[PDB]
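Structural overview for review
Single-letter residue listing:
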Protein chains: 2
Amino acid sequence: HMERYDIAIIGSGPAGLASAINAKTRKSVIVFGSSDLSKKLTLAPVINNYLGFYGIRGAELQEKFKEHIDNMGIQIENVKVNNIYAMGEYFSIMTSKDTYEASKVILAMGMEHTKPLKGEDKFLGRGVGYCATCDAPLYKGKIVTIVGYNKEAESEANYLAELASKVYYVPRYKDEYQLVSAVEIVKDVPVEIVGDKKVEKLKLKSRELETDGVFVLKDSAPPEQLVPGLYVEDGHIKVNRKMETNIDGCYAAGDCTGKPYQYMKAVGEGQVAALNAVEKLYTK
Amino acid sequence: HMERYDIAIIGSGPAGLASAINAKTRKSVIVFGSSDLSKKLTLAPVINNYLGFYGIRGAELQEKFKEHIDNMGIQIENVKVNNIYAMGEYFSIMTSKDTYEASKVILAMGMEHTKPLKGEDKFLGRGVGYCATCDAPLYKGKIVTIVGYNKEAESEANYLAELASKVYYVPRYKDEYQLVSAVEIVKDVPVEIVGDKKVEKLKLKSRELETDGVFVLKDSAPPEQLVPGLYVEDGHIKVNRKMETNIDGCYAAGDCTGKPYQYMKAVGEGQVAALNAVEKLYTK
Ligand SMILES: Cc1cc2nc3c(=O)[nH]c(=O)nc-3n(C[C@H](O)[C@H](O)[C@H](O)COP(=O)(O)OP(=O)(O)OC[C@H]3O[C@@H](n4cnc5c(N)ncnc54)[C@H](O)[C@@H]3O)c2cc1C
Ligand SMILES: Cc1cc2nc3c(=O)[nH]c(=O)nc-3n(C[C@H](O)[C@H](O)[C@H](O)COP(=O)(O)OP(=O)(O)OC[C@H]3O[C@@H](n4cnc5c(N)ncnc54)[C@H](O)[C@@H]3O)c2cc1C
């Protein structure tokens, strides 16, 4: 069904966990993200600029962070947040599973490193989107191509196969893929989304797919799509010294706020966002 | 004599150490402060909001920070910084011992918690000051009272006893005091600095001292006195998202920049300041 919380934290990396441990000062808090917290932490080899942990390996620091949240009774809700609608005094939070409401939101999604595909921006809203399940009814009986950058994208492909006339899945990571037989896996490199007034084809290095929709599925939609009305410049969510965005009650912390992309900056921002959000909840 | 460095960090607490470990990316760096890093860290009992160190004691976290800087060959220069003069393209740094020049400065002095004495602001520049050794020639053959909040203040009293006709030392901490016999220790509580056009007396709870100067000696002068021309509001050094102050080449990080006074905020700010300072050194 629906569940209400005082604070929702969108991301489970350094920034979101820093927010969570500072918000547990009560005030219900929910943290959305991945079971493994942050993929970048796991991939980091030796870390020498996180003060107090000289020479730690990324996966070791990840475990220290996991034990911290576990000691404080903080769990990660393992769902993808698709859209956050600023209703004015609260936020409606749409996810890959259930819908939530929260009084305050802390954006902590990190920063996407991969570039958009050619034609992606051009056809946005004319056949390109960032949430396949959200737009699924629009593609009933149509051809849909999903360019998947994470495992959740596979679930969206499976769902779309129940409505679309044909589903192609283009993986952008190496794994076994848990897809129903109706999904055609296209192990090729996307080149360009093309069309006249709307999407007509996805061109790949060795193949072209006639398709009505192309969904580009990453850990998070671009922030201005995830949070309609949010002020972003240069792909960075713009915040002030209190980590406040342009949307009252919506904060942002970590790589999603701009450079430098470092752990200490991220945890500091998460702390500031959470303490300010809590203050606003007690002052109304 | 004088020594030149690319970056000078003013403070050895969480913020300054975070700056130091991020600036050692070369670029000579000098860190001014106390041997014990930060007094607040030592006094902190259990810390649960420093991500990755759940349940750590303050002195334990202090030791982790000490081992980090030691592993990176970062030493603390154990002197008090008295004044930083923005010369335009560099900074002249006056200390309780030698003078330094630095291309970039990172202010990391923390935030003073004790309030000013009554009359302190009123007589500033008319008998009240924050550096006794700096103003010592002005008090040759005059009466000087030092209200000392740290051990360095004792050294300043000893120096002033060579020039002033009479030196009183009013300690604001419990310890043995290493003072020459010419210094009179006044174990009483300051109440008010009084005078007409200039300082004439220090009133204490049980005694009044006729005095020509009153020096209030804390770990650092107020930031607008430490750094002439620095923009401060509400006792907080005002910085932007890059930790830049109003003075080009001068950054600030940690409690000295405003609330919340927390460790994660401080280390994040120190990191941002240092990485920006380094960038400016490589771009000129
Ligand atoms: C190989 C490598 C080495 C690095 N080494 C260092 C180093 O030595 N020192 C250093 O300071 N920095 C280092 N970094 C950078 C550092 O990892 C980042 O600055 C830091 O991880 C930022 O954390 P964050 O919480 O802002 O974002 P992230 O760490 O990206 O966390 C984001 C998390 O939120 C989840 N999420 C995002 N959007 C949504 C959504 N819509 N719904 C649900 N969940 C979502 C993601 O799945 C992810 O788990 C390194 C990065 C890499 C890639
Ligand atoms: C009892 C107590 C418990 C606390 N518990 C927590 C907690 O659980 N979690 C949390 O997040 N925060 C806590 N805090 C607050 C936290 O300690 C501060 O936010 C943090 O120490 C800020 O560090 P900083 O580097 O900005 O300043 P500081 O820690 O004050 O470091 C300043 C250092 O620079 C030196 N210095 C200053 N001026 C000069 C100068 N002119 N020349 C030379 N050296 C100078 C000082 O001697 C000092 O050593 C606590 C504070 C106290 C007092």
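The name given to chain A in the PDB entry is Thioredoxin reductase, and the organism recorded there is Clostridium acetobutylicum ATCC 824. Per the PDB header, the entry is named "Crystal structure of a Ferredoxin-Flavin Thioredoxin Reductase from Clostridium acetobutylicum at 1.9 A resolution".

1. Focus on the site of ligand 1
Residues and elements named next belong to chain A. Within the structure, ligand 1 sits among 27 residues, and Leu37, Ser38, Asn49, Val81 and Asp255 are positioned closest to it. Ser38 places a polar side-chain atom, nitrogen or oxygen, 2.6 Å from an oxygen atom of ligand 1. Here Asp219 contributes a side-chain N or O atom positioned 3.3 Å from an oxygen atom of ligand 1. Relative to its unbound accessible surface of 1,000 Å², ligand 1 loses 84% to contact with the protein. Looking at the shell around ligand 1, the elements that each hand over two or more residues are α1 (14-23) and α2 (39-43). Considering only residue class, the shell around ligand 1 consists of twelve nonpolar, eleven polar and four charged.

2. Brief notes about the sheet that holds strand β11 (residues 190-195) of chain A
Residue and element names in this part refer to chain A. Spatially, β11-β12-β13 is the arrangement adopted by the three strands of the open sheet, whose pairing is antiparallel. Edge positions in the open sheet fall to β11 and β13 (208-210), since each of these has one partner strand only. Averaged over all adjacent pairs, the angle separating strand axes in this sheet is 20°, with direction ignored. As defined by bridge partners, β11 adjoins strand β12 (residues 199-204) across five bridges and the pair is classed as antiparallel. Within β12, the position partnered with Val194 by the bridge is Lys201.

3. Looking at the nonpolar core
By size, the foremost hydrophobic cluster in this structure holds 150 residues, and its most contacted members are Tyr50(A), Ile84(A), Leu107(A), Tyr50(B), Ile84(B) and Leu107(B). Excluding anything up to four places from it in sequence, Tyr50(B) contacts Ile21(A), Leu51(A), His68(A), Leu61(B), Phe65(B), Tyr263(B), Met264(B) and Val267(B). Ranked by size, the runner-up nonpolar core spans 18 residues in total, among them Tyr139(B), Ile146(B), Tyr169(B) and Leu217(B).

4. Describing the sheet that holds strand β13 (residues 208-210) of chain B
Residues and elements named next belong to chain B. A sheet is described by the order of its strands in space; here three strands give the open sequence β11-β12-β13, paired in antiparallel fashion. Of all strands in the sheet, those bounded by a partner on one side alone are β11 (190-195) and β13. Taken pair by pair, the neighbouring strands of this sheet meet at an average axis angle of 20°, ignoring direction. Pairing geometry for strand β12 (residues 199-204) and β13, over three bridges, is antiparallel. Note that in β13 the partner of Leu202 across the bridge is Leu209.

5. Examining helix α3 (residues 58-71) of chain B
Residue and element names in this part refer to chain B. Between the first and last C-alpha of α3 there are 20 Å, a value that for 14 residues agrees with the 20 Å anticipated at 1.5 Å per step. Within α3 the residues assigned to the buried category are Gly58, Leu61, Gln62, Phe65, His68 and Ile69. End-on, the buried residues of α3 take up no more than an arc of 120°, which puts them together on one face. Looking at the residues trailing α3, positive phi occurs at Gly73, about 65°.

6. A word on the site of ligand 2
Residues and elements named next belong to chain B. Around ligand 2, 27 residues are found, and the nearest of them are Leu37, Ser38, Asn49, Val81 and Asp255. In this structure, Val81 approaches ligand 2 through a main-chain N or O atom, which is 2.8 Å from a nitrogen atom. One of the side-chain N or O atoms of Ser220 is found 3.4 Å from a nitrogen atom in ligand 2. Protein contact buries 85% of the 1,000 Å² of open area that ligand 2 shows by itself. Of all elements in the fold, only α1 (14-23) and α2 (39-43) reach the threshold of two or more residues within the shell around ligand 2. Each residue belonging to the shell around ligand 2 can be placed in one class, and the counts come to twelve nonpolar, eleven polar and four charged.

7. Quick word on the domain arrangement of chain A
Residue and element names in this part refer to chain A. In terms of domain boundaries, chain A breaks down into domain 1 (1-112 + 220-284) and domain 2 (113-219). The centre of domain 1, based on its C-alpha atoms, is set 28 Å off from the matching centre of domain 2. Every contact between the two is made by ten residues of domain 1 and, on the other side, twelve residues of domain 2. A per-class count over the side of domain 1 that touches domain 2 returns three nonpolar, five polar and two charged.

What counts, and where the lines are drawn
- Residues numbered from 1 in each chain as written, not as in the entry; some residues may be left out.
- Chains lettered and ligands numbered in written order.
- Heavy atoms only, no water.
- Residues with missing side-chain atoms left out of burial classes, pairs and counts.
- Near = heavy atom within 4 Å.
- Polar contact = N/O pair within 3.5 Å; in protein donor to acceptor, adjacent residues only side chain to side chain.
- Areas by Shrake-Rupley, 256 points an atom, 1.4 Å probe, with all protein chains shown as cover.
- Helix = DSSP H or I, 4+ residues; strand = E, 2+ residues; numbered from the N terminus.
- Nonpolar A, V, L, I, M, F, W, Y, C, P; charged D, E, K, R; others polar.
- Pairing = 2+ DSSP bridges.
- Axes fitted to C-alpha atoms, helices over the stretch in contact; angles between N-to-C directions.
- Core = buried A, V, L, I, M, F, W, Y, C linked by side-chain atoms within 4.5 Å.
- Buried < 20%, exposed > 50% of the residue type's maximum accessible area, 1.4 Å probe, protein only.
- Contact = heavy atoms within 4.5 Å.
- Expected span 1.5 Å × (residues − 1).
- Arc of directions from axis to C-beta.
- Domains from an automatic or database assignment.

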